[PDB]
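J.: Handing you a structure now.
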Amino acid sequence: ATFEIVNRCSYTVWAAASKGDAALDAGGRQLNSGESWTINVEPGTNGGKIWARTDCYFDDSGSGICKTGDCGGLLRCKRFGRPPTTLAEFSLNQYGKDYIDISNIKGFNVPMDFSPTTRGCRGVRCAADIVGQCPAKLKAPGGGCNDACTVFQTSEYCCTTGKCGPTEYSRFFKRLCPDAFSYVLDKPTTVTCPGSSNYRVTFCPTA
């Protein structure tokens with residue numbers, strides 16, 4: 001599938017794309033306000049994610065640090081990023097279908113729309129002002145809203161026993177973005193799309 005990644009924020013984002021053990025396409029790219037990056041993701045890819053990184057500082061070698069979503073200090077990500085990160089998640093061509101979602105399980109940093117380019121399925125969006133409303137204990141330094149698992153590292157929030165339920169903190173995200181995962185065992189908000197589908201991920205969507 002083709003993904004057009006578009007930054008409509010007033011600020012630069014450093015887009016990232018990975019399946020956890022490898023880059024997708026070039027893995028990362030600086031997108032100043034108004035810029036776009038079109039990537040190819042191999043058909044059949046499972047566990048792919050796209051996210052924004054904010055306030056990055058890179059040297060000539062593409063090494064440095066980002067305030068949110070840092071992936072081992074690299075411009076071109078090969079691994080997933082440090083929370084808080086709003087996540088566009090996808091597995092492609094699993095038995096003839098694509099499966100997409102947005103997740104707040106690793107927190108929220110940038111508002112996001114994740115939409116198919118086809119009429120065959122719907123998009124999802126999480127663009128509420130989660131950072132401005134973020135409870136003090138979840139606030140990430142300088143920007144973003146951490147998930148409770150990141151902050152507290154207990155089974156209640158991280159769902160490590162394999163059994164967990166909603167919490168005051170998951171509900172915070174869920175009420176602001178009902179169509180995004182708010183904890184690991186949230187009722188799925190995954191959208192099923194045709195296998196031929198391409199996508200657009202928009203940071204700071206408007207219309």
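Each chain in the structure tokens gets a letter, A, B, ..., in the order shown, and its residues are numbered from 1; ligands are numbered from 1 in order too.
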List every residue of segment 18-142 of chain A that DSSP, applied to the backbone of this structure, assigns to strand (DSSP E), and report them as number ranges by chain.

T.: A: 18, 23-31, 36-40, 48-58, 64-68, 87-94, 97-103, 112-116, 124-126

J.: Can you tell me, as number ranges by chain, what residues are no more than 12 Å from residue 168 of chain A when counting only C-alpha atoms, ignoring any on the same chain fewer than 5 positions away?

T.: A: 135, 137-138, 147-148, 156-157, 173-175, 182-183

J.: Can you work out which one of A:114, A:203, A:37, A:58 has the shortest atom-to-atom distance to residue 190 of chain A, counting only C-alpha atoms?

T.: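 That would be A:114, the residue with the smallest distance to residue 190 of chain A.
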
J.: Restrict the calculation to only C-alpha atoms, then for each residue of segment 10-66 of chain A with any atom at most 7 Å from an atom of segment 91-111 of chain A give the closest atom pair and their distance in Å to one decimal, rows by chain and rising residue number, as JSON lines.

T.:
```
{"residue": "A:43", "atom": "CA", "partner": "A:92", "partner_atom": "CA", "distance": 6.0}
{"residue": "A:44", "atom": "CA", "partner": "A:93", "partner_atom": "CA", "distance": 4.7}
{"residue": "A:45", "atom": "CA", "partner": "A:92", "partner_atom": "CA", "distance": 5.3}
{"residue": "A:46", "atom": "CA", "partner": "A:91", "partner_atom": "CA", "distance": 4.0}
{"residue": "A:47", "atom": "CA", "partner": "A:91", "partner_atom": "CA", "distance": 5.4}
{"residue": "A:48", "atom": "CA", "partner": "A:91", "partner_atom": "CA", "distance": 6.2}
{"residue": "A:52", "atom": "CA", "partner": "A:110", "partner_atom": "CA", "distance": 6.7}
```

J.: Counting only C-alpha atoms, which residue out of A:27, A:34, A:69, A:166 sits closest to residue 9 of chain A?

T.: A:34
